[PDB]
Amino acid sequence: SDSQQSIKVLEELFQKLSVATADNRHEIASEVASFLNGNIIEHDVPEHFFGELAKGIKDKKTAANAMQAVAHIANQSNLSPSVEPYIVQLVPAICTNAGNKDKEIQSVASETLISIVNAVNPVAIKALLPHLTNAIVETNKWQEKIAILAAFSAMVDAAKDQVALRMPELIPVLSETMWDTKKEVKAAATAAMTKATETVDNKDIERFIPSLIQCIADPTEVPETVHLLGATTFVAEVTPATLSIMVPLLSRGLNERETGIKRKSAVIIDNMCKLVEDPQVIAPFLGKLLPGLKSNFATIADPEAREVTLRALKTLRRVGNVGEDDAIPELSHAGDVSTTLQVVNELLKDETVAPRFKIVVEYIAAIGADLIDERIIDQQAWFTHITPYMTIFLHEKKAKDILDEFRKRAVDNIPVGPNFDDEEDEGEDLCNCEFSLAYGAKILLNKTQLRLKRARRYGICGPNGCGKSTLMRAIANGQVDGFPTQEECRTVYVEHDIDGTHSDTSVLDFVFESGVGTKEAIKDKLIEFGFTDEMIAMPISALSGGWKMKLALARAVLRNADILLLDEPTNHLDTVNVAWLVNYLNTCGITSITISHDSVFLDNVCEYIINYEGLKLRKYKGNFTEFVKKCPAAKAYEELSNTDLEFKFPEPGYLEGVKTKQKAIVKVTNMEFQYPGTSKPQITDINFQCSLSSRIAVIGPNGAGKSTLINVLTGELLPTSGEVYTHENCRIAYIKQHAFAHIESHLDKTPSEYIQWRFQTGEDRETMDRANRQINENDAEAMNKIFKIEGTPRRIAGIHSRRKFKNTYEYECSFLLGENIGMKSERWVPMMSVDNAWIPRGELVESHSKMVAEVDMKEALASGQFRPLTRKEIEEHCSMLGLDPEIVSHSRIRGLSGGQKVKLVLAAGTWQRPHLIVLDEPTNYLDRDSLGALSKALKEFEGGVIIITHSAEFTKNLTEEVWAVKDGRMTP
Amino acid sequence: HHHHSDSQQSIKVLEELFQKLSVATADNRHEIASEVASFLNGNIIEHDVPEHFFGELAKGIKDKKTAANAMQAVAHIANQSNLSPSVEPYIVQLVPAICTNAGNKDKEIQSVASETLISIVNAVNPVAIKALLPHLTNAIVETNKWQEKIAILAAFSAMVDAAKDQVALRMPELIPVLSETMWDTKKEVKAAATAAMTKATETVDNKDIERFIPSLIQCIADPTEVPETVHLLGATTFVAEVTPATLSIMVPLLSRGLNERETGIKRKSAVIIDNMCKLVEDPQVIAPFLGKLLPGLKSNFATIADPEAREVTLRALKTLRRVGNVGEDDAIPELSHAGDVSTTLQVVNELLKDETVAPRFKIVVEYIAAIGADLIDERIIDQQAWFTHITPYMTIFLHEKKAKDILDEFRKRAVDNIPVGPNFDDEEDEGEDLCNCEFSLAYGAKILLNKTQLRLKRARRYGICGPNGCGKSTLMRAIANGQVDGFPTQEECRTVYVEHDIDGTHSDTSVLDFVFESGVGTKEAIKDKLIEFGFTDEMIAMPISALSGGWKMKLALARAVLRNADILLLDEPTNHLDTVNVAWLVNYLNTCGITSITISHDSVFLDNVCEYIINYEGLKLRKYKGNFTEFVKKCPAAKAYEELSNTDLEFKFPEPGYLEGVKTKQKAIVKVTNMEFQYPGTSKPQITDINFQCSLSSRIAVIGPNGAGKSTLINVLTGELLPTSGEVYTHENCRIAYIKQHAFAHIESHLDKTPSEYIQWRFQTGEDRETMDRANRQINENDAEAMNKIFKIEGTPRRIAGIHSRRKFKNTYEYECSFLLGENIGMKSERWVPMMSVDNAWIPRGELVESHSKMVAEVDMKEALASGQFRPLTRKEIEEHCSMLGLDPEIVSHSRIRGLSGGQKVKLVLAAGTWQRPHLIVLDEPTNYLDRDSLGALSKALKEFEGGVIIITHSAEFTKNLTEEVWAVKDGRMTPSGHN
Ligand SMILES: Nc1ncnc2c1ncn2[C@@H]1O[C@H](COP(=O)(O)OP(=O)(O)NP(=O)(O)O)[C@@H](O)[C@H]1O
Ligand SMILES: Nc1ncnc2c1ncn2[C@@H]1O[C@H](COP(=O)(O)OP(=O)(O)NP(=O)(O)O)[C@@H](O)[C@H]1O
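In terms of determination method and resolution, the entry is listed under X-ray crystallography at 3.00 Å.

Going by what the PDB entry lists, chain B is known as ELONGATION FACTOR 3A and is assigned to Saccharomyces cerevisiae. Looking at chain B in UniProt, the text filed under Pathway is "Protein biosynthesis; polypeptide chain elongation." Comment text from UniProt for chain B, heading Subunit (literature references left out), reads "Monomer. Interacts with elongation factor 1A (eEF1A). Interacts through its N-terminus with 18S rRNA. Associates with ribosomes; preferentially binds ribosomes in the post-translocational state (bearing a peptidyl-tRNA in the P-site) in the presence of ATP, suggesting that ATP hydrolysis is required for ribosome dissociation."

Naming follows the PDB entry, where chain A appears as ELONGATION FACTOR 3A of Saccharomyces cerevisiae. The UniProt entry for chain A carries this comment under Subunit (literature references left out): "Monomer. Interacts with elongation factor 1A (eEF1A). Interacts through its N-terminus with 18S rRNA. Associates with ribosomes; preferentially binds ribosomes in the post-translocational state (bearing a peptidyl-tRNA in the P-site) in the presence of ATP, suggesting that ATP hydrolysis is required for ribosome dissociation."

(A) Region of the structure containing the UniProt feature "repeat: HEAT" in chain A. Taking the numbering used here, the UniProt-annotated feature "repeat: HEAT" corresponds to residues 4-41, 85-122, 124-161, 165-202, 204-240, 241-278 and 284-322 of chain A. Along residues 165-202 of chain A the backbone is 71% helical and 0% strand, and the end-to-end C-alpha distance reaches 14 Å.

(B) The arrangement of the nonpolar core in detail. The biggest cluster of nonpolar side chains holds 180 residues, and the ones touching the most others in it are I73, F152, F406 and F688 of chain A. At ten residues, helix 19 (residues 358-373) of chain A tops the list of elements feeding residues into this core. Among all residues touching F688 of chain A, those that are not within four sequence positions of it are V666, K667, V668, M671, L709, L713, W963 and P972 of chain A. The next biggest cluster of nonpolar side chains, apart from the first, holds 176 residues, and it includes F156, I175, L320 and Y367 of chain B.

(C) Geometry of the site of ligand 1. Residue and element names in this part refer to chain A. Residues in contact with ligand 1 amount to 14 residues; listed here are only the nearest, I41, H43, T391, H395 and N924. In the model, an oxygen atom of ligand 1 is placed 2.7 Å from a nitrogen or oxygen of the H43 side chain. Between ligand 1 and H950 there is a distance of 3.2 Å, counted from an oxygen atom to a backbone nitrogen or oxygen. Protein contact buries 75% of the 640 Å² of open area that ligand 1 shows by itself.

(D) Representation of helix 3 (residues 47-57) of chain A. For helix 3 of chain A, the set of buried residues is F49, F50, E52, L53, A54, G56 and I57 of chain A. At its buried positions, helix 3 of chain A is contacted by helix 1 (2-19), helix 2 (25-36), helix 4 (60-73), helix 5 (84-88) and helix 6 (91-97) of chain A.

(E) A look at the sheet that holds strand 13 (residues 732-735) of chain A. Residue and element names in this part refer to chain A. Taken together, five strands build an open sheet; the order of strands is 13-19-20-11-21 and the sheet is parallel. Here the strands that pair on one side only, and so sit at the sheet edges, are strand 13 and strand 21 (961-963). Strand-to-strand twist in this sheet, taken as the mean axis angle between neighbours without regard to direction, amounts to 15 degrees.

(F) Geometry of the interface of chain A and chain B. Contacts between the two partners involve 80 residues from chain A, matched on the other side by 84 residues from chain B. Of all residues in chain A, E528, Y654 and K872 of chain A bury the most surface against chain B, accounting for 10% of the area lost on that side. Here chain A is connected to chain B by 16 salt bridges. A salt bridge links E304 of chain A to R799 of chain B; the shortest N-O distance between them is 3.2 Å. The interface formed by chain A and chain B holds 28 residue pairs in polar contact in total. Secondary structure elements with two or more residues in the side of chain A that touches chain B: helix 11 (183-196), helix 12 (209-217), helix 17 (303-320), helix 25 (519-528), helix 28 (575-587), strand 15 (792-805), helix 34 (841-862) and helix 35 (871-880) of chain A.

(G) A look at the site of ligand 2. All names here are of chain B. Neighbouring ligand 2 are 16 residues; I45, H47, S86, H399 and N928 lie closest to it. Residue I45 places a main-chain N or O atom 2.5 Å away from a nitrogen atom belonging to ligand 2. Between a nitrogen atom of ligand 2 and a side-chain N or O atom of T395, the distance comes to 3.2 Å. Classifying every residue of the shell around ligand 2 by side-chain character gives three nonpolar, eight polar and five charged.

(H) Structural view of a negative patch on the surface. A surface patch of like charges, here negative, comprises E642, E643, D648, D888 and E890 of chain B. Checked against the element boundaries, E643 of chain B lands in the loop between helix 32 (628-634) and strand 9 (670-677).

(I) Spatial organisation of the pairing of strand 11 (residues 695-698) of chain A. Residues and elements named next belong to chain A. Of the two faces of strand 11, the one lined by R695 and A697 and the one lined by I696 and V698 are each fully buried. Direction of pairing for strand 11 relative to strand 21: parallel, over a ladder of three bridges. In the strand pairing of strand 21, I696 is matched with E961.

(J) Representation of the state of the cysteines within the structure. Scanning the entire structure with this criterion turns up zero disulfides over all chains. In this structure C433 of chain A is not part of a disulfide, and its nearest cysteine sulfur, from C431 of chain A, lies 4.1 Å away. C694 of chain B provides the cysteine sulfur closest to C734 of chain B, a residue in no disulfide bond, and the two sulfurs are 8.1 Å apart. Judged by its relative accessible area of 10%, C734 of chain B is buried.

(K) Spatial organisation of the domain arrangement of chain A. Residue and element names in this part refer to chain A. Looking at chain A, the domain boundaries give domain 1 (1-327), domain 2 (328-417), domain 3 (418-636), domain 4 (637-760 + 870-972) and domain 5 (761-869). Taking only C-alpha atoms, the centre of domain 1 and the centre of domain 4 are 36 Å apart. Counting from both sides, the interface comprises 30 residues of domain 1 and, opposite them, 33 residues of domain 4. Interface area, domain 1 with domain 4, both sides summed: about 2,400 Å², of which 44% is carbon and sulfur. At the boundary of domain 1 with domain 4, the tally comes to 17 residue pairs in polar contact. Mapped onto the side of domain 1 that touches domain 4, the elements with two or more residues apiece are helix 1, helix 2 and helix 10 (160-177). The leading source of residues in the side of domain 1 that touches domain 4 is helix 1, at eight residues. Considering only residue class, the side of domain 1 that touches domain 4 consists of twelve nonpolar, eleven polar and seven charged.

(L) Quick look at the packing of helix 8 (residues 125-138) of chain A against helix 10 of chain A. Residue and element names in this part refer to chain A. As a packed pair, helix 8 and helix 10 sit with axes 11 Å apart at the nearest point and diverge in direction by 5 degrees. Between helix 8 and helix 10, the crossing angle belongs to the class labelled roughly parallel. On helix 10, the residues touching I125, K126, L129, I136 and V137 of helix 8 are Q162, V163, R166, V173 and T177.

(M) Summary view of the pairing of strand 3 (residues 461-465) of chain B. Residues and elements named next belong to chain B. Buried residues dominate strand 3, accounting for five of its five residues. Where burial is concerned, the two faces of strand 3 agree: the one with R461, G463 and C465 and the one with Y462 and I464 are both buried. Sheet topology note: the strand 3/strand 6 (residues 595-599) ladder contains three bridges and is parallel. What sits directly across from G463, in strand 6, is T598.

(N) Representation of the domain arrangement of chain B in the model. Residues and elements named next belong to chain B. As assigned here, chain B comprises domain 1 (1-331), domain 2 (332-421), domain 3 (422-640), domain 4 (641-764 + 874-980) and domain 5 (765-873). Taken over C-alpha atoms, the centre of domain 1 sits 23 Å from the centre of domain 2. At the interface, 32 residues of domain 1 touch 27 residues of domain 2. Of the roughly 2,500 Å² buried at the junction of domain 1 and domain 2 (both faces included), carbon and sulfur atoms supply 60%. Summed over the shared surface of domain 1 and domain 2, the result is three salt bridges. Between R360 and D48 there is a salt bridge, and its shortest N-O distance comes to 3.1 Å. When residues of the side of domain 1 that touches domain 2 are traced back to their parent elements, those giving at least two are helix 5 (88-92), helix 8 (129-142), helix 10 (164-168) and helix 17 (283-290). No other element matches the four residues that helix 5 contributes to the side of domain 1 that touches domain 2.

(O) Structural context of the side chain of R460 of chain B. Along the chain, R460 of chain B falls in the loop between strand 2 (446-457) and strand 3. Once residues within four sequence positions are removed from consideration, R460 of chain B is found in contact with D429, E430, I594, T595, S596, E611 and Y612 of chain B.

(P) Representation of the sheet that holds strand 22 (residues 977-978) of chain B in the model. Residues and elements named next belong to chain B. Here we have six strands laid out as an open sheet, ordered 13-19-20-11-21-22, and mixed in their pairing. Looking at strand neighbours, the two that pair on one side only are strand 13 (736-739) and strand 22, the edges of this open sheet. Inspection of the sheet shows strand 13 paired to strand 19 (residues 920-924) by four bridges, in the parallel sense. Bridged to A737 within strand 19 is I921.

Each value, and the rule that gives it
- Residues numbered from 1 in each chain as written, not as in the entry; some residues may be left out.
- Chains lettered and ligands numbered in written order.
- Heavy atoms only, no water.
- UniProt positions renumbered as here; feature names shortened; annotations may be inferred.
- Helix = DSSP H or I, 4+ residues; strand = E, 2+ residues; numbered from the N terminus.
- Core = buried A, V, L, I, M, F, W, Y, C linked by side-chain atoms within 4.5 Å.
- Buried < 20%, exposed > 50% of the residue type's maximum accessible area, 1.4 Å probe, protein only.
- Contact = heavy atoms within 4.5 Å.
- Near = heavy atom within 4 Å.
- Polar contact = N/O pair within 3.5 Å; in protein donor to acceptor, adjacent residues only side chain to side chain.
- Areas by Shrake-Rupley, 256 points an atom, 1.4 Å probe, with all protein chains shown as cover.
- Pairing = 2+ DSSP bridges.
- Axes fitted to C-alpha atoms, helices over the stretch in contact; angles between N-to-C directions.
- Buried area = accessible area lost by both parts, 1.4 Å probe.
- Salt bridge = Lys/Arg side-chain N within 4 Å of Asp/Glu carboxyl O.
- Nonpolar A, V, L, I, M, F, W, Y, C, P; charged D, E, K, R; others polar.
- Patch = residues over 30% accessible without salt bridge, like charges linked within 9 Å, V, L, I, M, F, W, Y side chains within 5 Å.
- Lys, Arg positive; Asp, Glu negative; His and termini not counted.
- Charge placed at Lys NZ, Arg CZ, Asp CG, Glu CD.
- Disulfide = S-S within 2.5 Å.
- Domains from an automatic or database assignment.
- Parallel < 35°, antiparallel > 145°, perpendicular 65-115°, else oblique.

Below, the structure is given as structure tokens:
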């Protein structure tokens, strides 16, 4: 009913839109958007509307209007998942419009494409990308190609991790476009190419990227570029993105003319491919290299060139895992959209899915497939991204039960990659053993192997109590079958030596007694290690935090160690001293094996990880983080990273005048909202109060009234009538699933940088201005927007202050008056103070975000409400929400779990220590586990709580007040 | 003068060596080339040049039959670590002919040339670019042989990596040349030119236009893509300063964009011109480009009708005129010719008017002028800097004292031509002014500032700098107490002088009451912020007297927040603060969102916090965009702010590392007996019957004019030449440091590195790349098919399979190598079969480095670890070490070398050379490139050195009271004289 009301509102608004002119177009587009993205329809979609929208886009007369509506609907912070799939479905029709002969239509189209790319859940990239590749490949309209190329570029910044994985498919499309006959298209393609390469993220070939792009543009530079790449010594993993950029060059190198080049190409092929840890990775490229290698092997006289070529050929065969007769193995299809789609369709065989929801099922399938390529398999991650789409036609409980199952089956398709080899790596072996390990009749390791390379740094991991320390002690004592003797390979178990020196004994004599060289030789090294004479002569009993560690390592040098064994070395060590340790280990030139609960430490030190898997040791190339990507079970170990518990929200910020938690800090009266154009207001005669003790639950089915109430409450929509009050310093945190899903656009940042990214402008970019496009940042000219005040044309000359205006902010603006408009003598003259005027935030942000920001910062500071984005403050805040300080300031979000990402996003959402927390359907994307922790946190929250839900079970023992909208009205 | 015998002997040796060279075949070519090289680069001739030798070389390069041989000699002579300034200018003079050969029909001659050009580019003093560059640009422009063009383009590329900073300033000259080359009909040349162009863009020191570089280059190739490229050009967020390199790449695009038909493109062009140019800080930078932008903008303004496009065009025009300092009638400001070679050349010639400079020294005077021209462009004005780079060429034909006196006048006159420059502009930056004053400042009747101005922007960060005692603190106090005329009152702009507040709080008062007593809000409100700030409940309740230094600072910033400060004033805020707390302060100042003014002797702290630098200059205040590092670029004089006292110039060398079996400083750690060296091909040994010893107490002076004997003796002493006969005892662990001027000049190729990184670079392979293997090309990094070098052992062809150990051999090292024996070598069955340990053999280091450097470094590294001599390159050790040499630790790990002065680069180079704590320091003619101040400090350092010192010099004055042992070569013989 209140839901059937929504369908009507959309009709009125869409009616006004189709008639819209270039003058009011944006005004109504905005309305359509603010309404459509709200909780307006109960378990269904406004089918007719989308139908008219679709039709409107294909008609010259309404093309501009329809699309401009989409652009607004698809803004960066408010695109509702209930709407998203239907919007992406319009991309094709919109691409055609990007090729229309009419300038306005063509322009709006291009614009809309960028809007969408920046609006969709980055993970749904497999639902959107094919549309763009299909279009640009099949069209003959050059302008259309340029618009699509520009959308590709926007996508690089919008979904970088996601695009990286698509590289092998995207690079050849851009490469072909680089050869278009239209000069404008050649220009555009190269630019998109350069932008796209930003996802390679490989330090080893970075500097040569512009040399590779040029080569794609001109083959004649291949020999030149091959000659230029010979020396690149590869260290970082060779990803699919690396290959898509390298292989084509090399392939042309092999089929070159001169023997020198063929040889060089081979070297580069060999050098680079050996660093391919996964065969699936090199599979799609094998076809472009094998044939050229086989061929040259037969055709070139010189034997040196041959040996090289063979070596490359052999390398390729080994890594590729090619079957006999050079047959490339069958690629896994666990990530193939076609595959994930079958799984979902299958799981959906018995529930009656109407036709209008088919597109949604498709979306879900796409997202699912991408999560598998990204290897995101934890339950919360999937609930975060798919559940919201499913409740579009299913009930939460059913959707969640079906979802959990979909993830379990989709994950099971993930192929079991192989395990490691060391021989061809760089090192003269310190040991190579086959052995078993028993500690008191208990088997720790059985018929396993251990090979350590010289000057290499290792880390040993495994579930607590698996025998990590016993193994190290064993190595330390030479109780591993086949291990070299101390004379062949000196091991030094750092800080684990036992002797009988008096606490009286000096540091010098302490080491002297170890029989490691003359006292002279000892002072020498101790001084070189930073010891002062005073220290060398003092009693060991006085060495502090860092100095015993330093002393030990110094002894290791004098002992001429070959391997340094360390067990929880960072204990009792401060940050400077840990930093010191990290630097030393990375530069002492000796092999070191470490056991440490500090994953940050391990990431900074280890080059390899030896993991306990059963009664077997398994080697992985990379640090702890790289380790975890290749071995999920590790996220359940006892490392600093895996640590996850419950959380607490911070105490709200001080408020003067508020003595009791029952005092109203927000009180609305006779409030009413009505979209310009609708027949009757969406909500009216509204009255309510909020306090630090509030515990409200906005229940009921989605409808025109219920959403609009949420939208006025959260500041999005400015009430059309009535009085609104709130403390000057009252802050409301709005928690939507949007932020949870969209954090995937920042896997490259540390939790702390993410919090800065969302906060430095002074306000939460995630929730503030949800009713505006904001997409404006490169608008040097969009700053010349003309404001109509007192019937005169004006440009903003400056914004000076701020003040509350109902549920938002107004800003004091000085102006420039337009004169002789349209004439050669047109000029904008500065006006006087007297003519300044207050302008609502919504009318400024789109063209003057920067000035608005500088103003918000001032007022923040002037009211003492500003909280500084310092790494210390952010770690403290994140601590409360269950995240560890070291991980918050040094680890990249990419390594976090779905659950941890939940904490981080909540942390972000509550950083300004709000007084009222408004949660938008939290059960719609959080599993029972996450829901639990959230429940307790909300019970203990010292501020007001407003939960928008459908789950009564979730509201019980949590809320006490109830808000319900019936016929555009409601009563507390 | 007085004839110098040993020196005359050198002329004869080079004659015998040249005769062997002109006869050399592709087989033994490299062998003699190396011979010629090692000899010619030594202290072989007294104040002169081997005139006829360079003539023979030039004549041989021009002759088919000897081109290859002669050029190969030039290549070895021009190696990366040993080219001597006594020869450098003569070598460069040969480039023209070498370029011509790069276009020779002969496959071999053409190839050797190409390689030689790369060799010279990588060997010259980067600072002498202006002497080399012209040869290459002129050569590529007038030649019609495409192969020559490809060779020269390769040389340009090499230059970018060899002298990045220097090339950056040459961009506006290089880019047009490369652009033309891209229009060459020959397909291979176009590709090659485009590659060189891509490489050159690397001089653009920012990322502003990274994603558009390939497009800009493609656009130069096909100008019909200009319109679309102007569209793509939404770099709109231009942030870094626009330099000559940036302009050289942008202006040609934008200039064509202005002349394009569509008004949309004329408009877009102007928008970009506007946004980019208002980031130009020196009008002289854009001056040479104005002529390609002013006319189009003027024309478009008169031609376009659309008002918007007109506004945008005009705006760009106003910005261009402002930033370009254009005068009346749009006249381009007079270009300063301070950096023109013609200008510095005129200056030196004038100073040398009463000095008879023979025709054979004319090339040197020109070389000297080129260098001086670059120093000015690079704004390198200190005395030591010039003495490091120019004095060594000058003594080719002048006595040191005369050279130094004229050099010092040359420097002063050249530097005086540097245009003073217009001040900086804050207006178009991002901020609403907090203030804008015109004022004078007096303190006790003493004038600190006379009629100057001060403009501060909200939320911006400034640093105040000025020579010691200029009044920086008084100005801050003045601001804090509103004593700067026209400054806002406290109500309008609340300033807080952090930690400089005075009140009468008891040492008993709790932190909370302390803040409360200042009347800054209720106690509840105060607690909320302190906690938000990081204070615990315990601390808020404890007595203020209990707070550490770190918390008093944090408390002081918290109070400023409660007072709603608009400006934070900080004076020496890092004092009494550990690195953690300083790190925290940095972080807070960068995110508090409040304007802050800082005074700190810590340039590193200034760099992490400051966006602008307000510098005291005379009695005026001058603003500069950027932090301290950027500031010092525009104001070179700033590198001497901590100079006033003579003590800051001193340094100490490290204690030589421990050696077992040496209990007296007289104990010989090096002993050479019956030593003799004779170049294969010379009629007699250069030195013979040589006996000497070195101990930790050595204090030797290798006196006498330059000569064949003196130089060779030194060359054996330092490890370069392996003796032909005689015994050599050395210790398994004895280390020698060879300080040559080369390292001091070539550090100008690493201005981008921090001192710490520079040292890491020099010892990358565990050994000093500057002084090790000076007799080898070693430029083999991309040596993949040269590792397939076939070693003939016991008459059998073999390839090295692996190097396993090291052992001392004479004055160098031999390596324990495992082999791979080849069978059917040339046939299709050729297979290099690995041999057994029993066939391993010991090969001298000289024979492995050029083809197996990596493997050798790995062994040298194991031996260092095993002998417990290895010195890890940890930040702490490097800092600790450089501090001994008189360099601040902060600077060493965080500041770029570009910001150091000539005197500071000297400390750094010395720090690099003594990093491994040698037991003997051998200094090659230190007085030839060090000014009085530097020599003073060095002499004291050498006098105190706990290891041995060997000084090769001509100055008896410098050695008086330093050395007592004397080494004087006479007729190929030398017997130590003196005492200890
Ligand atoms: N049109 C829609 N699009 C997307 N999600 C929706 C839509 N309508 C409801 N939801 C979500 O579906 C979930 C509600 O599931 P549901 O089974 O209806 O709960 P419930 O306890 O049965 N409430 P009820 O339907 O009143 O009995 C919530 O997350 C809603 O936000
Ligand atoms: N051929 C040369 N090329 C470059 N530099 C040289 C050459 N010959 C000498 N020098 C340098 O010229 C400087 C010597 O100048 P000089 O005036 O001879 O010093 P001195 O103390 O007066 N010794 P003396 O010449 O015996 O009176 C030293 O730096 C030499 O290394």
